[PDB]
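# Sharing an experimental structure here, sequence included.
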Amino acid sequence: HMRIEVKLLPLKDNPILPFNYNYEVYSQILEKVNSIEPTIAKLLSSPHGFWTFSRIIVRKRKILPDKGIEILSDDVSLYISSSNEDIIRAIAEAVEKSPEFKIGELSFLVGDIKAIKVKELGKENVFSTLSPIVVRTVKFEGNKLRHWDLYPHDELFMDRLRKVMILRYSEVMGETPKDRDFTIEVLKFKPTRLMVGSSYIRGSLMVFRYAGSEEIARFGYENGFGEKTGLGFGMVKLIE
RNA sequence: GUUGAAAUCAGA
């Protein structure tokens, strides 16, 4: 359960963070890490989600709807997580060696990095999404193939999330989990839409209660829930 | 983890 909090310090003031940063944070960690440990960088780039990171966290903020999130605080925070402590250790080094980050017009500077004290998981957990959760299927639109994104109110959601976690689990943990069952109940739910590169990915910001396989619970906690976790999706905080 | 949240919403 290696999880870090990277602190970011905004150059200048009246700083405005753009709404869609996913691809830019992803590709910048991917390079920084590639310089230090090319071998791990290939894990970060995998479709299978060997790690997750969160929304850029701005504690004191206000919404400017056509521009972005104004940072009224001194600092913002990124939370990176992974079940593999080699990945976490490499990201921490690489980011320290190349502390500059550019997002849109803005530029940050990596401040203190902190390992995070992690509460233990029970039989039943209440999770909250730090980055939205993505579950995709495929559909024909006319003569074209389309990503079609699912939300928890969709009938196929639970079915596809099970399948994606079991599949992800086997690839990154190496074997299938002994216990393949779980159910989740949605407490609070909001839809969101991110532009990553050329495309739009839709997902779920949500609070939910998980019940089920202990090995899957702990996998999603560390590597994120759902798909595209590598692009900063599906990361969850644990709560009471 | 002071985000129980953060605009936009099927895209040519």
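Yes, it's here. Numbers count the residues shown, from 1 in each chain, chains lettered A, B, ... in the order given.
# Every contact and neighbour count from this point should use C-alpha atoms.
Fine.
# Surely residue A:153 is within a strand?
No: if the criterion is DSSP: H, G, I helix; E, B strand; the rest coil, then residue A:153 is coil and not within a strand.
# which residues touch residue A:169?
A:175, A:176, A:177, A:216, A:219 (Cα atoms under 8 Å, 6 or more residues apart in numbering).
# Look up how far RNA strand B lies from the third one.
Counting by Cα to the nearest atom of the strand, to the nearest Å, the gap from residue A:177 to RNA strand B is 22 Å.
# Figure out the helix or strand that residue A:94 lives in.
Element membership for residue A:94, per DSSP states H and E: helix A:85-97.
# How far away from the center of its chain is that helix?
Counting by Cα atoms, centre = their mean, to the nearest Å, helix A:85-97 is centred 17 Å from the centre of its parent chain.
# Give the buried residues for it.
A:87, A:88, A:90, A:91, A:92, A:93, A:94, A:95, A:96 (16 or more other Cα atoms under 10 Å).
# thinking again about what came up before, which among the contacts of residue A:169 gets closest to residue A:58?
residue A:219 (26.4 Å; Cα to Cα).
# Just the CA trace of stretch A:18-28, in PDB.
Provided in PDB are the C-alpha atoms of stretch A:18-28 (Å, rounded to 0.1, in the frame of the first residue of the first chain):
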ATOM      1  CA  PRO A  18      -7.200  24.300 -16.100                       C
ATOM      2  CA  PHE A  19     -10.100  21.800 -15.800                       C
ATOM      3  CA  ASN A  20      -8.500  19.000 -17.900                       C
ATOM      4  CA  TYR A  21      -5.000  18.200 -16.900                       C
ATOM      5  CA  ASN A  22      -5.000  14.300 -17.000                       C
ATOM      6  CA  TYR A  23      -2.900  13.700 -20.100                       C
ATOM      7  CA  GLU A  24      -0.400  16.400 -19.200                       C
ATOM      8  CA  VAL A  25       0.300  15.100 -15.700                       C
ATOM      9  CA  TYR A  26       0.500  11.600 -17.000                       C
ATOM     10  CA  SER A  27       2.900  12.300 -19.800                       C
ATOM     11  CA  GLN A  28       5.100  14.400 -17.600                       C
END
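# Fine by me, we can end here.
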